[PDB]
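Undergrad: I'd like to ask some things about the structure below.
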Amino acid sequence: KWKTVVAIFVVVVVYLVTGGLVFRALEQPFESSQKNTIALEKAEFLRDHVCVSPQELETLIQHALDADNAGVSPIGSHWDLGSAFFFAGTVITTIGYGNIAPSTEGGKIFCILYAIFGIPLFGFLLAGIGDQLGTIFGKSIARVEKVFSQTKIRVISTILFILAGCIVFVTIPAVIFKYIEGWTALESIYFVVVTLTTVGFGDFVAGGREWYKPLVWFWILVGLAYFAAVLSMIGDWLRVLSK
Amino acid sequence: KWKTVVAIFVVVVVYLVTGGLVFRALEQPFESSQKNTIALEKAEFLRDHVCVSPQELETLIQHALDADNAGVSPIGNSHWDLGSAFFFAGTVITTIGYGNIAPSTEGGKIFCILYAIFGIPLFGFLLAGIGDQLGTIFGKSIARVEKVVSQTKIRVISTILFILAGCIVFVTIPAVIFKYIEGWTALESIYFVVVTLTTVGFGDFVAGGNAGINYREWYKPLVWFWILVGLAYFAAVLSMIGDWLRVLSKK
Ligand SMILES: CCCCCCCCCCCCC
Ligand SMILES: CCCCCCCCCCCCC
Ligand SMILES: [K+]
Ligand SMILES: [K+]
Ligand SMILES: [K+]
């Protein structure tokens with residue numbers, strides 16, 4: 001119904017204005033602080049190093065930023081067979097971190113075609129594992145239904161399936177990332193959330209051991225496939241309940 | 001069937017190795033060039049400015065990089081205004097997650113986790129709602145083509161017609177606008193639109209991000225509204241093709 005589509009649109013637009021005001025309140029005091037710190041650090045450099053002009057300073061900062069935008073660290077390979085395989089998977093999963101991004105005009109042209117004829121291909125694999133996990137969930141709810149309202153059985157089992165994935169694909173990998181990457185308890189859970197939601201800001205990237213990067217993508221594939229199966233299972237029920 | 005899941009997995013793993021080798025061939029010569037450029041530029045700075053030590057140089061570069069990671073441009077003398085913060089909220093919700101604007105505060109990250117978990121499925125409803133309305137537009141248009149040959153051939157000619165319709169209204173027309181407003185190349189404009197609608201969002205190109213550009217107030221929310229209708233249309237097209245394939249799988 002169109003009366004409900006407008007109602008959801010009102011909720012979403014309210015959620016963005018509300019959410020936007022919460023983020024502003026949480027990040028603008030930090031942004032204001034960092035704006036003052038870089039201005040004071042740049043002024044301190046020119047104050048101590050008299051031989052440097054303010055324009056020659058900006059030229060170097062711009063050169064350091066241009067190198068960073070290309071993917072080269074201006075401190076002290078990102079396209080090796082392993083890293084380029086992980087970047088390909090970063091496009092396919094729609095995560096798109098941004099730490100590694102095509103800089104060549106030709107590299108962009110291929111990235112456009114690789115996403116268009118690649119993201120639906122991943123849909124098939126995610127749907128396949130989705131159909132397989134459905135068989136596991138369906139048999140488990142039928143086992144509880146053989147013992148135990150149908151809605152109460154469905155809600156209890158689903159929450160357990162959700163929490164099962166929250167330990168195996170959310171908690172356990174965040175613990176591994178806290179030890180390997182050396183991030184904080186927050187940053188590890190934050191990265192896992194930002195990765196599995198396919199948001200992928202790129203502010204935290206795993207592998208930034210040889211078996212690490214391919215095993216990280218395999219975790220993404222199973223991790224996504226599991227929650228995608230639960231979301232499919234809940235959706236299918238809602239449309240059945242709608243009829 | 002599990003026999004087909006393994007078959008798709010083989011194709012996907014082949015597609016990543018193949019694709020990865022193509023990207024390496026296209027980007028490693030450029031990466032090798034930029035690696036030499038920054039090394040020569042840093043050495044030239046210390047050569048001309050004798051009074052600067054190599055360690056004091058790295059300290060400044062790291063300070064400039066730390067400011068950039070926070071979202072503050074280390075060039076010359078806000079990203080969280082009611083306008084930009086609304087667009088960032090939408091960037092989380094749509095799962096695009098560009099990167100230019102990202103939570104740096106511990107508390108901001110905690111809220112970002114909760115805002116995505118209890119927000120991305122809410123967007124699902126909105127995209128499903130518009131997708132349920134577009135299906136009515138598609139079903140009537142397929143019936144109009146069928147009024148003018150097998151049903152599958154009609155569906156193929158109708159699907160091509162629907163994709164081409166969206167490729168002009170949500171892909172070509174907005175890329176043309178972005179080429180004039182942002183000032184990007186003909187490639188970068190189409191590339192940004194593709195990277196945006198695919199919900200990939202690298203953040204290498206972000207609409208309403210140039211400091212030296214004096215944008216209008218209606219720009220950023222209308223750009224997000226384009227994302228909504230744009231995504232909704234291609235999501236409805238994808239839901240339609242999938243539905244038919246599962247129907248064909250049974251029959
Ligand atoms: C073929 C595209 C794959 C990426 C989309 C998966 C979305 C997962 C959303 C999880 C929901 C968590 C609240
Ligand atoms: C609940 C938000 C879902 C966002 C992901 C949708 C992906 C759409 C891809 C369309 C196909 C383009 C080739
Ligand atoms: K992204
Ligand atoms: K995404
Ligand atoms: K993304």
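Naming works like this for the structure tokens: A, B, ... for the chains as they're shown, residue 1 at the start of each chain, ligands 1 onward in shown order.
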Which residues are near ligand 3 - at most 8 Å, using only C-alpha atoms and all ligand atoms? Format: as a ChimeraX atom specification.

TA: /A:94-98,198-202 /B:95-99,199-203

Undergrad: Which residues are close to segment 74-90 of chain A, i.e. within 8 Å by only C-alpha atoms, leaving aside same-chain residues fewer than 2 positions away? Reply as a VMD selection string.

TA: (chain A and resid 64 to 65 67 to 68 71 to 72 92 to 97 100 210 213 to 214 217) or (chain B and resid 16 to 17 19 to 21 23 to 24 27 to 28 38 to 39 58 61 to 62)

Undergrad: Could you pull out the alpha helix (DSSP H) residues of segment 2-247 of chain B from DSSP and send them as a ChimeraX atom specification?

TA: /B:2-48,54-70,82-93,106-117,120-146,151-166,173-181,186-197,219-247

Undergrad: Enumerate, in order of chain and increasing residue number, the residues of chain A with an atom no farther than 6 Å from ligand 1, each with its shortest atom pair and distance in Å to one decimal, counting only C-alpha atoms and all ligand atoms, as CSV.

TA:
residue,atom,partner,partner_atom_place_in_ligand_line,distance
A:93,CA,ligand 1,3 (C),5.0
A:94,CA,ligand 1,4 (C),5.6
A:119,CA,ligand 1,1 (C),5.1
A:120,CA,ligand 1,1 (C),5.6
A:122,CA,ligand 1,1 (C),5.0
A:123,CA,ligand 1,1 (C),4.0
A:197,CA,ligand 1,10 (C),5.0
A:228,CA,ligand 1,8 (C),5.7

Undergrad: Quick check, in Å to one decimal: how far apart do atom CA of residue 194 of chain A and atom CA of residue 227 of chain B lie?

TA: 19.9 Å

Undergrad: Return the single residue from B:85, B:6, B:247, B:14 that is closest to chain A, with distances computed using only C-alpha atoms.

TA: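 Checking each of B:85, B:6, B:247, B:14 against chain A, counting only C-alpha atoms, the winner is B:85.
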
Undergrad: For ligand 4, which residue out of A:70, A:225, A:196, A:174 is the nearest one, using only C-alpha atoms and all ligand atoms?

TA: A:196

Undergrad: A:10, A:241, A:51, A:215: which is nearest chain B, counting only C-alpha atoms?

TA: A:51
